[PDB]
Structure formats: C-alpha cells, structure tokens
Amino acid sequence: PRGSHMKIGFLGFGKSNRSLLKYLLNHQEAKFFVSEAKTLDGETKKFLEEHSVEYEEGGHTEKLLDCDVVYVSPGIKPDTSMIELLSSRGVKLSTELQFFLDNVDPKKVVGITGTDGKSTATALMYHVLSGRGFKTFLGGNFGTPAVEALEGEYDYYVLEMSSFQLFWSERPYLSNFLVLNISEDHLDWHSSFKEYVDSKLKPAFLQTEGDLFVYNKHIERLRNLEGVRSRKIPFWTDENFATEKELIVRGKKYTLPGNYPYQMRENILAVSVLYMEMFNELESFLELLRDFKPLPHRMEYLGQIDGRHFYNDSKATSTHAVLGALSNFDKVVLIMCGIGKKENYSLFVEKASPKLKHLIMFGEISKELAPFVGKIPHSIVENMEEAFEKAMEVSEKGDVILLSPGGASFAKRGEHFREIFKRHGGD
C-alpha cells in the first residue's frame, strides 16, 4: 500500500539488528530508523550516516510508533515501556531470527536449542555436515547472526537459537528441530520458567508430517508432545542413549573415541540421532567426530617409574586445557612447553598454583610464563629430555608427573614423551 515509504524500525542495535539492517539496506526499499537506549560509538554513527539511516540514541521515543514493522533485539524485555506502547498502537513486532526463517529455504535449516551444550552441539552439527562436503553456514545467538548467510547460497544453515530469539519470533518455522535439553537452572532468562519452556518449544508445534523433531525425552516431563505432527525421535530411550564409553543409536552400539563428560556425551548423542535420521549411517559421523576440535583429549596414564606416576596430556594446547588436566589431582609435577598463545598468564598461574608441586618449562612458552611464576618452585630447561629428567629429580615416590604443554607446536610430543618414558624403564 505504501511502496517505498515503508518505515522499518530497529529497537536496540546489537549484532542481530546490525546484521539485519545491513541485509535490508541492500534488499529493500524503505526508510530505516534505529533506536538505541545507550550511546552509539563513532564508527556506528558514521556507518548510519553513510547510508542515511536515521537514528536516535539515549532513549526510545515515540518516533518508533511511526514504523510499519519494528525488529526487536533479542535481549529487549517484554514488559518494557516501548514494547507496551508499540503493541498498544498495533505496530507489528518481529526479530532478526524470524526474518531469517521467513526468507531462507526451510528444508535447509537445522535449528538447535537447549539450556546446556548448545554451542558445542551446534558446532558439531556444522562440523559433520561440512565434512560430508556440504557448504554449510554456522551461526545464531552465540555467533554470526543468521541473516549474514542470506548473501549467496548454502546447502545447510545450522543455527543455535536462544529462548530470547524464539520469544520475539512470532512463528519460527523449522523443518529440522533439535532440542538438546531444557533445564531449570542456571538461566540467562528474565523470569518465568513456563515462558522459557514455551519459547524454546515453539518450532515443534509448527511442524508438519514431512518435518523432523529430535529431542531429549526428559522434556516430556514438561510438555505434552503427542500432538506434534513431524517424525519425532526422542533420545535417552531404550534405543538411543550413551554411557561413558558407548553410543547406542537405533539399538546399535558404537565405541566412542574417548570417555567424555556428560554434556559432551549428550551433544554427541543428540547430533547422532539426527545424522542417522538424515543419512541412515553413523560410520561417517564417527570418523568426522574424531577431528572435531572441542572434543576432549585423552589423558593417557603411562605407568610408573620408581614410584612416580606419569600422565600424558600431550594435546593440551592452551592455558584452559592445562587447567582441565590439573583438576584431576592435588599435587603434580607439571611440564609445559610449546608456543604460547597471546594471553595473560597471571589468571592462569594463580588458578594453577595450588596444584603445582613444581613447574617445568621449555620452548617459547617459558618466556611468557617466567614473569608470573616467581611464586612457585619452577625450572626452565631446553627440551623434553631435560624436562623428563628434571621431573624425576624434583619428584619422589608417590608423585604425579604430568605433561600438559599449554602451547602449540611448530601425539608428536606425546609420542616423544612416551618414548622417553620407555627408554628410562617405564613399565
């Protein structure tokens, strides 16, 4: 009715609405208006001015009441004054996720939601679809907003979707919908648990018989899913579950490549079930799982030499991973090495300190750590052989010696450390 005089509003201007405005500037004839509660920085203003997008900052005014549609930033709360005025004046309210779901090919979307594990599970789905050779987009709440992907073409769009995005999405239709878990704590979400649940489950009740809904069966305690019309495959059942070492899908058993925490086992189970439904086969999934980056590393116990216990955490390539390994003991003689990531090690050192009987270092990471380590008994050596002997020398019967490097390299170091262990008589 209004041709190019359509007025499109943005309430809030975080990454969702910024990505959406950038898509619409290049795809739609309309007058655009951005409304920010705080101040916009200099770069953002220059950007809006370069494309003559009107804006207000320092408060939401009645200028938004003039809009034909307003896109709400996912973090905007439902009972705020501007939402109340907008609704009471009959202005249509939508959000960047809903726009995406209205514009993409529905059958190419894999929508993942959950309380825990959401980012890793989404990354795994992306990983295994990419590994089959599909051109695959990864984004959603934790990452790149989905509308970025509407430039060019993809085979699959793998989205992580939060309760906030789904709340503000009036009709969030997904052909492929995975719910990892729904849990009562901890929660970024404002208040009502029943609104949180209902927001997260919205897509399920929109599906048709040709669609797919894979879900954690514990959510059946919260909501009745009988009327959902899609192919529905629950996990944690008699046929779809995981124990510490095994994955069972359709009653079939597969050995997992390591013994992982509960959340990672659930992420694997969830994505398994969906992959098996899409491709009828899990051998390709398991092979691709092996190079999945967030996959926890094996901490291989090597054995003893003269009462000392050796653990090989060769794959720890960051401060974070070293802190993981450390939480398995109370005292340890620790060997670190490799190329230090650009970090601030004081946070790491104070967190590591109580667990360290002695720290041994070599490689360029020695230089990064040296300035913060005056606190604790420590030795800098030149290579792994020297590190090994120094570990034997500062240790006694009963101690644990742990290789957990913390830096990158140029199972090469791990192999080297194993070989040294053996040459000095290890088991």
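Residue positions are given as counts along the sequence shown, with the first one as 1.
Unmodelled deposited residues between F410 and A411: 4 to 9, per the record. Taking the mean C-alpha B-factor of each stretch as recorded, 26-34 and 373-381 are not equal, and the higher mean is that of 373-381. Taking the PDB entry as given, 238-246 carries the higher mean Cα B factor of the two stretches 238-246 and 150-158. When the C-alpha B factors of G139, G324, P106, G133 are read from the deposited coordinates, the top value falls at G324. Based on the entry's C-alpha B-factors, the most elevated value among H218, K252, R223, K355 belongs to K355. Annotation for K367: CA B-factor lies in the highest third of the chain's modelled residues. Among all modelled residues in its chain, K397 ranks in the highest third by Cα B-factor. Per-chain ranking of the deposited C-alpha B factor places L64 in the middle third. When the modelled residues of the chain are ordered by C-alpha B-factor, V70 sits in the lowest third. Among the modelled residues of its chain, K331 has a C-alpha B-factor that falls in the highest third according to the deposited record.
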